[PDB]
Amino acid sequence: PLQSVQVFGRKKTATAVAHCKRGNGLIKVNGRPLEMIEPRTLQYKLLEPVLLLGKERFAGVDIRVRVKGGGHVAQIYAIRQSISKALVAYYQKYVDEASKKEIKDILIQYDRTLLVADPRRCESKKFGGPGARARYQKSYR
Amino acid sequence: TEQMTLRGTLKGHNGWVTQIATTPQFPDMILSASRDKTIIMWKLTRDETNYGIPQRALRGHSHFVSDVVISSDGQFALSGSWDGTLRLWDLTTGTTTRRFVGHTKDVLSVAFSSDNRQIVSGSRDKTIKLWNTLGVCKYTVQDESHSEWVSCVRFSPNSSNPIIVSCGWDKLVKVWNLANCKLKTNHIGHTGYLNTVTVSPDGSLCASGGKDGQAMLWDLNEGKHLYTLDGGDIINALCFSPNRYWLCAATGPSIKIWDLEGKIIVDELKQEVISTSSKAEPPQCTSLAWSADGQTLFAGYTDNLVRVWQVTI
Amino acid sequence: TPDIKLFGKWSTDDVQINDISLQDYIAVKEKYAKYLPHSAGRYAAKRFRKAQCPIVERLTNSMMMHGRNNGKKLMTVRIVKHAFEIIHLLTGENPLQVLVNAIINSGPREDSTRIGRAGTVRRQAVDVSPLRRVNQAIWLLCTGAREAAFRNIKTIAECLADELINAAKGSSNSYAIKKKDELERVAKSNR
Amino acid sequence: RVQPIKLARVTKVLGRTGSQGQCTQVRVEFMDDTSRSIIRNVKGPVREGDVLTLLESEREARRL
Amino acid sequence: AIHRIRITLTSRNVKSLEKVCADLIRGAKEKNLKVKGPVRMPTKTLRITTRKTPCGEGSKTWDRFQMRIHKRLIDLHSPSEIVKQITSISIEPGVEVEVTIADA
RNA sequence: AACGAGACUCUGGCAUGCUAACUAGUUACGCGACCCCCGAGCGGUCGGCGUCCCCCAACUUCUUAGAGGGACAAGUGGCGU
Numbered sequence: 006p007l008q009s010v011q012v013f014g015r016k017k018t019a020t021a022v023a024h025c026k027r028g029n030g031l032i033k034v035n036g037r038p039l040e041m042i043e044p045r046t047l048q049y050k051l052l053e054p055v056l057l058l059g060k061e062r063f064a065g066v067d068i069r070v071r072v073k074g075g076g077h078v079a080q081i082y083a084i085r086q087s088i089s090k091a092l093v094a095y096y097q098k099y100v101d102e103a104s105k106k107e108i109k110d111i112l113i114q115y116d117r118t119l120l121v122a123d124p125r126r127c128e129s130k131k132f133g134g135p136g137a138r139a140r141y142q143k144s145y146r
Numbered sequence: 002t003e004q005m006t007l008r009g010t011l012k013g014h015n016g017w018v019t020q021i022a023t024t025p026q027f028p029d030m031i032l033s034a035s036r037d038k039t040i041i042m043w044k045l046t047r048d049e050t051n052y053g054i055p056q057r058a059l060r061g062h063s064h065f066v067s068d069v070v071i072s073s074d075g076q077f078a079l080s081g082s083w084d085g086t087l088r089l090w091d092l093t094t095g096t097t098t099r100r101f102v103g104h105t106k107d108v109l110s111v112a113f114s115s116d117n118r119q120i121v122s123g124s125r126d127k128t129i130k131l132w133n134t135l136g137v138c139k140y141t142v143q144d145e146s147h148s149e150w151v152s153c154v155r156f157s158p159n160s161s162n163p164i165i166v167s168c169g170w171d172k173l174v175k176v177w178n179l180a181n182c183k184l185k186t187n188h189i190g191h192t193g194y195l196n197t198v199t200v201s202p203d204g205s206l207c208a209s210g211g212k213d214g215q216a217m218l219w220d221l222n223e224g225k226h227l228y229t230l231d232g233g234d235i236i237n238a239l240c241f242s243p244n245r246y247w248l249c250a251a252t253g254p255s256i257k258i259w260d261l262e263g264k265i266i267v268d269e270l271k272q273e274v275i276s277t278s279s280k281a282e283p284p285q286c287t288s289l290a291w292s293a294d295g296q297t298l299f300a301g302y303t304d305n306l307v308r309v310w311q312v313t314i
Numbered sequence: 014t015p016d017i018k019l020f021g022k023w024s025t026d027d028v029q030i031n032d033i034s035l036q037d038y039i040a041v042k043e044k045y046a047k048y049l050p051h052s053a054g055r056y057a058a059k060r061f062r063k064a065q066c067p068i069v070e071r072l073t074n075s076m077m078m079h080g081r082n083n084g085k086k087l088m089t090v091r092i093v094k095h096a097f098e099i100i101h102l103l104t105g106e107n108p109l110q111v112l113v114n115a116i117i118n119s120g121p122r123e124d125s126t127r128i129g130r131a132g133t134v135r136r137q138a139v140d141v142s143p144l145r146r147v148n149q150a151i152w153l154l155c156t157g158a159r160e161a162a163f164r165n166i167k168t169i170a171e172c173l174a175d176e177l178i179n180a181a182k183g184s185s186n187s188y189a190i191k192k193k194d195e196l197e198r199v200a201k202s203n204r
Numbered sequence: 005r006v007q008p009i010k011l012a013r014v015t016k017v018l019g020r021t022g023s024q025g026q027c028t029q030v031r032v033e034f035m036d037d038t039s040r041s042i043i044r045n046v047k048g049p050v051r052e053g054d055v056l057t058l059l060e061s062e063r064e065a066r067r068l
Numbered sequence: 016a017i018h019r020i021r022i023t024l025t026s027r028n029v030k031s032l033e034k035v036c037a038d039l040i041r042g043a044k045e046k047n048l049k050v051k052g053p054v055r056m057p058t059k060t061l062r063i064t065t066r067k068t069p070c071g072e073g074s075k076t077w078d079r080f081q082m083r084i085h086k087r088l089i090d091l092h093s094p095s096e097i098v099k100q101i102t103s104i105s106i107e108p109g110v111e112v113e114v115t116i117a118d119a
């Protein structure tokens with residue numbers, strides 16, 4: 006059948022919807038290669054799952070991602086989290102349980118929220134000070 | 002005499018195994034439901050590396066999956082879940098054929114007929130209901146019904162007999178007749194509320210149970226109280242056997258397998274000790290089901306395991 | 014092991030800890046290797062949770078102070094890639110072994126505290142946690158390079174890499190090993 | 005003092021002391037004989053099963 | 016004739032709004048006009064943040080007030096007569112309604 | 001027995017379940033058009049890159065807002081009369 010399963014990633018408002026479709030190679034993000042994406046000092050980070058798992062889980066898929074939201078940093082964690090999760094879901098659904106179970110164990114060993122979403126988001130400013138917890142100076146006499 | 006050896010144990014769930022049922026088309030598979038919102042279709046081996054591995058896990062329900070049952074074809078599967086809805090699976094990869102919308106509250110029990118066109122359901126809506134296999138309501142039963150939740154319903158052999166069993170928490174067993182939908186009878190005889198009921202494959206018996214403490218037997222052919230046995234403090238599952246005339250009773254710390262010809266206990270299954278304080282050594286057994294061979298039976302427990310046993314002669 | 018991660022150039026094996034009093038508070042090789050020292054991290058919400066994140070990550074965190082370098086953790090990783098590079102060329106050792114030695118040689122073993130008696134200052138000498146030694150040792154050597162590059166032609170990278178050589182050796186020509194012995198010199202006195 | 009540096013490990017933690025709770029009393033086994041044991045005052049936040057590095061064992065403590 | 020007619024509803028009360036939407040979807044479905052369900056639009060926030068003290072003195076405090084309006088719209092395509100029939104019936108609470116001549 | 005406390009209301013973190021979407025999207029081709037061999041190949045054909053083209057297409061993961069579900073010291077081990 007038409008093999009397509011979709012996932013998303015999060016990190017503090019930054020969605021990255023990564024569809025995993027059958028194929029081979031040719032992983033992209035935003036219609037660009039992920040061999041350069043432009044801070045490229047955190048370049049080793051989005052490459053990390055691919056490098057660690059080897060090329061033999063990526064031996065039959067094209068994964069492509071669209072993004073929006075967040076800053077430069079938070080986008081990198083979102084796209085990484087999505088492609089990792091994409092791979093897992095694909096094997097659970099069209100291959101078998103024991104296929105994805107190995108791969109799940111590998112990622113969660115060096116967990117860096119590779120299968121879960123960071124809960125933390127910004128807290129509101131309340132008056133009487135800048136920020137969400139700081140207070141203006143208070144002078145006596 | 003015949004006795005039981007501990008065969009092995011399966012692992013795959015993160016929650017309590019609620020029910021198990023068995024494909025007679027393939028004794029190679031076996032199916033399970035659980036309180037971590039998945040039904041696991043297994044791939045069994047008789048090996049020592051494992052006794053089986055989960056093949057797939059069908060997902061969609063937003064709450065626990067209480068009970069599960071096979072189709073006559075064995076290529077479909079049907080479910081009852083604590084989300085108040087049912088799903089009708091196409092037992093291959095997933096891909097729901099139909100989802101059945103009705104019932105205000107949970108779907109506790111569910112069953113699939115021999116004719117494959119009638120599907121019943123027990124619900125905390127206080128309704129027995131009949132279901133087309135197009136997923137629409139052939140009939141709904143809400144008059145002359147239980148005033149308490151309907152615990153478990155069953156299809157009975159339709160050799161010439163149009164009867165379906167119903168038991169509720171109102172301390173009654175109601176028998177309903179197909180396409181008239183009247184009370185055939187009401188049976189009284191359970192101090193506690195009734196959990197379950199099941200009919201013999203031959204079709205002459207109804208092994209019923211509850212929190213009565215006693216396991217009372219009723220007659221499928223006109224409704225008579227055949228006899229009673231002291232045992233089964235809390236009764237959660239019952240299952241007749243095809244290769245013997247036994248009845249296998251699910252109590253919490255133990256399973257009591259009874260020969261009825263004459264009435265005697267064959268064995269009591271006990272699990273090996275584990276040192277606990279104050280006391281949490283038993284896990285509750287909640288379900289059990291025979292294989293087609295009738296040599297091996299499987300059990301669902303609340304320690305997230307499906308324990309296997311085997312009869313030895 | 015057959016998928017062992019470097020730093021993109023450095024082994025995390027062949028890294029010794031020369032104390033039994035500071036091993037398992039150094040995190041560098043149990044499975045704590047990573048290609049970068051950037052993570053979301055959990056460094057809080059439980060007391061024993063700081064010691065479970067890498068030493069290299071801790072280093073990047075602790076050198077971003079003085080009110081204008083906060084929120085510029087990405088610039089900080091630039092400084093770390095040059096630091097290790099210079100350390101490896103300069104002496105020949107794997108530059109992680111340098112850092113581990115530098116931490117072990119700089120940690121103070123006794124420190125003083127205050128006690129109020131008779132309305133006059135009295136001091137008492139006390140010992141220190143292993144977790145305290147690590148926290149102190151990371152702070153001290155970083156203070157040297159931060160100070161040095163504050164009006165010099167020399168860049169922060171050069172200063173920091175120099176300071177880890179003299180710390181990793183017993184040379185006592187550094188901002189760290191100076192101040193280490195100063196504290197102990199007090200602790201002897203009011204012992 | 006100028007005697008070889010000692011190493012001794014926690015057996016039990018007692019409670020926090022100091023004038024702001026800044027110090028922590030702890031009982032320690034000498035880690036070269038367990039029949040020898042001294043109580044110490046330690047600055048840092050100690051836990052259980054940790055090893056310390058004492059520069060003497062002439063001193064014996066019980067509070068500050 | 017059969018005109019694509021869009022019935023916009025708008026209110027400040029989500030309960031009072033929603034049941035009146037259900038009524039207008041009912042009256043349409045009753046006559047099988049092939050109506051489209053509610054398309055719930057983003058709820059908008061009116062904010063007013065002002066001093067609690069008249070004539071400044073004491074600690075500086077403010078107070079967030081908010082009103083939340085709600086918009087949602089049902090698309091019909093049917094004769095304009097029967098529309099104005101079904102529109103005017105079964106409305107009791109303070110809820111506004113706006114009928115549109117035609118839509119693309 | 002009552003008030004204050006908590007309870008409550010609002011807000012945030014969890015749903016591939018439910019409800020339904022040309023003033024929200026996606027996917028799928030149909031594509032025709034542009035583009036480069038850019039990839040297998042040769043420039044053809046097949047694929048890639050986005051836009052117009054898209055539908056009386058398919059869908060609602062992403063966006064939206066309603067009803068519900070979920071968390072209880074519940075489970076396990078210590079400790080406490």
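Chains as they are written, first to last, in the entry's author numbering: chain S, 6 to 146; chain g, 2 to 314; chain H, 14 to 204; chain d, 5 to 68; chain W, 16 to 119. For each residue, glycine too, the CB sits at the ideal point set by N, CA and C.
Check: Could you tell me whether the Cβ of residue 36(g) comes closer than 8 Å to any Cβ of chain S?; Outcome: no
Check: Please list the residues of the segment 117-141 of chain S that have a C-beta atom closer than 8 Å to any C-beta atom in chain g, keeping them in chain order.; Outcome: none
Check: Measure from the C-beta of residue 21(g) to each C-beta in chain S and report whether the shortest distance is under 8 Å.; Outcome: no
Check: Pairs of beta-carbons, one from the segment 31-40 of chain H and one from the segment 116-130 of chain H, closer than 8 Å: are there three or more?; Outcome: yes
Check: For residue 33(H), which residues in chain d fall below 9 Å Cβ to Cβ?; Outcome: 11, 55
Check: Hey, would you say residue 67(g) sits closer than 8 Å to residue 19(g), going by beta carbons?; Outcome: yes
Check: Taking 8 Å as the threshold (beta carbon to beta carbon), is residue 8(d) in contact with chain H?; Outcome: no
Check: Under 8 Å Cβ-Cβ, which residues of chain d neighbour residue 124(H)?; Outcome: 47
Check: Could you give the first and the last residue of the continuous beta strand (DSSP E) run that contains residue 11(S)?; Outcome: 9-12
Check: Just to confirm the assignment: which complete alpha helix (DSSP H) runs, minimum length 4, are found wholly within the segment 18-98 of chain W?; Outcome: 29-44
Check: Strictly below 8 Å CB to CB, what residues from chain S border residue 75(W)?; Outcome: 132, 133
Check: Does the segment 120-139 of chain H come close enough to the segment 18-27 of chain H that 3 or more CB-CB pairs lie under 8 Å?; Outcome: no
Check: Pull the bridge partners of residue 141(S) from the DSSP assignment, please.; Outcome: DSSP lists no partner for residue 141(S).
Check: Going by C-alpha to C-alpha distance, which of 266(g), 43(g), 290(g) sits closest to residue 59(g)?; Outcome: 43(g)
Check: Counting only the same chain and skipping the five closest in sequence on each side, list residues whose C-beta sits under 6 Å from that of residue 146(H).; Outcome: 120
Check: Given 8 Å as the limit, is there contact between the segment 122-139 of chain g and the segment 148-157 of chain g, that is, 3 or more CB pairs closer than that?; Outcome: yes
Check: Excluding five sequence neighbours on each side, which residues of the same chain lie with their C-beta closer than 8 Å to the C-beta of residue 289(g)?; Outcome: 21, 238, 240, 249, 251, 256, 298, 299, 300, 301
Check: Give every residue of the same chain whose Cβ lies closer than 8 Å to the Cβ of residue 194(H), excluding the five residues on either side of it in the sequence, and list them in chain order.; Outcome: 185
Check: Out of curiosity, what's the CA-to-CA distance linking residue 47(d) and residue 71(S)?; Outcome: 53 Å
Check: Since residue 78(g) meets chain S, which of its residues come closer than 7 Å, beta carbon to beta carbon?; Outcome: Within chain S, no residue comes near residue 78(g); the closest Cβ sits about 17 Å away, beyond 7 Å.
Check: Around the C-beta of residue 177(g), are 16 or more other C-beta atoms found within 10 angstroms, so that it is buried, or is it exposed?; Outcome: buried
Check: Can you tell me whether DSSP reads residue 228(g) as helix, strand or coil?; Outcome: strand
Check: Are the C-beta atoms of residue 50(d) and some chain H residue less than 8 Å apart?; Outcome: yes
Check: Within this structure, are the beta carbons of residue 73(g) and residue 117(g) separated by less than 8 Å?; Outcome: yes
Check: On the premise that residue 47(g) lies in contact with residue 94(g), defined as a C-beta separation below 8 Å, what is that separation, rounded to the nearest angstrom?; Outcome: Incorrect: roughly 25 Å between the Cβ atoms, too far for contact.
Check: Grab the span of the beta strand (DSSP E) containing residue 247(g) for me, first residue to last.; Outcome: 247-251
Check: Give the DSSP-derived three-state secondary structure of residue 38(S) in the structure shown.; Outcome: strand
Check: Leaving out five residues on either side along the sequence, give the residues of the same chain with a beta carbon under 7 Å from the beta carbon of residue 157(H).; Outcome: 176, 187, 188, 189
Check: Does any C-beta atom of chain S lie closer than 8 Å to the C-beta of residue 56(H)?; Outcome: no
Check: Answer yes or no: do residue 136(g) and residue 92(g) have a C-beta to C-beta separation smaller than 8 Å?; Outcome: no
Check: Apart from the five residues just before and just after residue 82(g), which ones in its own chain have a Cβ nearer than 7 Å to its Cβ?; Outcome: 62, 64, 65, 66, 67, 108
Check: Using only alpha-carbon positions, find the residue among 120(S), 79(S), 116(S), 83(S) that is nearest to residue 94(S).; Outcome: 120(S)
Check: Quick check on the burial criterion: 16 or more other C-beta atoms within 10 angstroms. Buried or exposed for residue 6(S)?; Outcome: exposed
Check: With H, G and I counted as helix, E and B as strand and the rest as coil, what does DSSP make of residue 3(H)?; Outcome: Coverage of chain H is limited to positions 14 through 204, which leaves residue 3(H) absent and any answer about it impossible.
Check: Which residues mark the beginning and the end of the alpha helix (DSSP H) in which residue 97(H) is found?; Outcome: 86-104
Check: Given 8 Å as the limit, is there contact between the segment 48-64 of chain d and the segment 9-22 of chain d, that is, 3 or more CB pairs closer than that?; Outcome: yes
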